[PDB]
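Form deposited without its partner chain, single chain, as structure tokens, below.
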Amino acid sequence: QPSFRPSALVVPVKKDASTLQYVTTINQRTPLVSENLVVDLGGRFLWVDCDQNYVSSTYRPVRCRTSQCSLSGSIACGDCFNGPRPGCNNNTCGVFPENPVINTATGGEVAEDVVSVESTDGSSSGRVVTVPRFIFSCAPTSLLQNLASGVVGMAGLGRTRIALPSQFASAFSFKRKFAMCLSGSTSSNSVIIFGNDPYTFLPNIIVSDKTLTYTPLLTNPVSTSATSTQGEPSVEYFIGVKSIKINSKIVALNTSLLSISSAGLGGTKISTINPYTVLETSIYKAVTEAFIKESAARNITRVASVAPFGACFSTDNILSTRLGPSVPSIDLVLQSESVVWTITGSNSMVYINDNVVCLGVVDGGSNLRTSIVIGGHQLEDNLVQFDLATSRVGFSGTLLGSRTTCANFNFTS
């Protein structure tokens, strides 16, 4: 039959209750199997356990000195002193797959195999499409430590040619952009949509390049990975937060921490592997103290902290709103005073129980590589678009303002 090239792809994402990781699913191998993979926005590539329960007649090792090896970074050339199979081959290109949850990397072989996912028109699940020789990294079973039950690897979405967004765009000839719509649901799927906009969420809410607010995509010249070579830039997505307001009032910050130095320290990145936004200690202190004060001004009393949080509150006087609990707003001010990432109660707060709610940010310590890491809870129910062709990040704010959610995409497996 003819196989039409897609204009976009959709994969499901579901939050894991125990680990707070976001887990996607793709199909791979011959015969085709479903793979659950932890989403790593900042990861270099797809990596999978090739050592254990990996059977495929379409698997091919990527040899050293090939164009595929170059696409993967020409990091290493390896040999394996065990029997030949997926993950163990001679004269094979190597990389260092990383598990950022445990902050570990280890050597893995580069390989090709069939990857199959659903196309989309932006509104519903469509016909399946395939990349017959999708380049990925093998990894050992031990690298899976502390990942959600049932996963076999990680889906890296970072700024490399072989990461999912770029490799799908090149394979299918669509735009080098993707959109992530994470959910706090642990029972229902949300989505990542690779390729062209627009995106529809039930009932009829359109999110598109018209509706999104954009900010420049910045580059950190020093890697933020666990392994790297000298002179390698970060593959992560940075944005230029200049100031923070809480309840419309500036929270005074050390601005040198918000800039990215030539040594690669500072700035603001977006992460799916940190479940809560992580703040350098001085920023953490400033933000939490202002939030506590502004909360007290509306009769929301501070109560004992609940790990991992350091600013927790009684719910006695908190009103429920469409945009979440009625707590002080937090604005991350970007390239001008009129371009802001706004965090309403649905994204700022984490319920512990009926009586206690916490500000969902954590103290990352002092002398931290990245000063602000926008994490999973703060991404939920927001559509975030990463456009590598135009070097921009777009964001919707909470979809609750439009009476929809990220789990309201019309996805069918």
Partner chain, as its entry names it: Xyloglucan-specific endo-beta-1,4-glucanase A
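Rigid core: the largest C-alpha set superposing within 1.5 Å between the two forms. Residue numbers count along the first chain shown, from 1.
Keep in mind that the form solved in complex with its partner chain is not shown, yet the notes after this line are about it.
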{"property": "Contacting member of 198, 264, 240, 325, with respect to its partner chain in the deposited complex [4.5 Å, heavy atom]", "result": "325"}
{"property": "Partner-facing stretch of 180-188, 105-113, 123-131, 281-289, counted where any non-hydrogen atom is within 4.5 angstroms of its partner chain in the deposited complex", "result": "180-188"}
{"property": "4.5 angstroms heavy atom contact with its partner chain in the deposited complex for residue 407", "result": "yes"}
{"property": "Partner contact for residue 250 in the deposited complex: its partner chain, 4.5 angstroms, heavy atom", "result": "no"}
{"property": "Distance check, residue 20 to its partner chain in the deposited complex, heavy atom within 4.5 Å", "result": "no"}
{"property": "Contact label in the deposited complex: residue 321 to its partner chain, heavy atom within 4.5 Å", "result": "yes"}
{"property": "203, 298 and 401 all contacting its partner chain in the deposited complex, non-hydrogen atom within 4.5 Å", "result": "yes"}
{"property": "Of 264, 78, 325, 310, the one whose Cα moves 2 Å or more between this form and the one not shown after core superposition", "result": "78"}
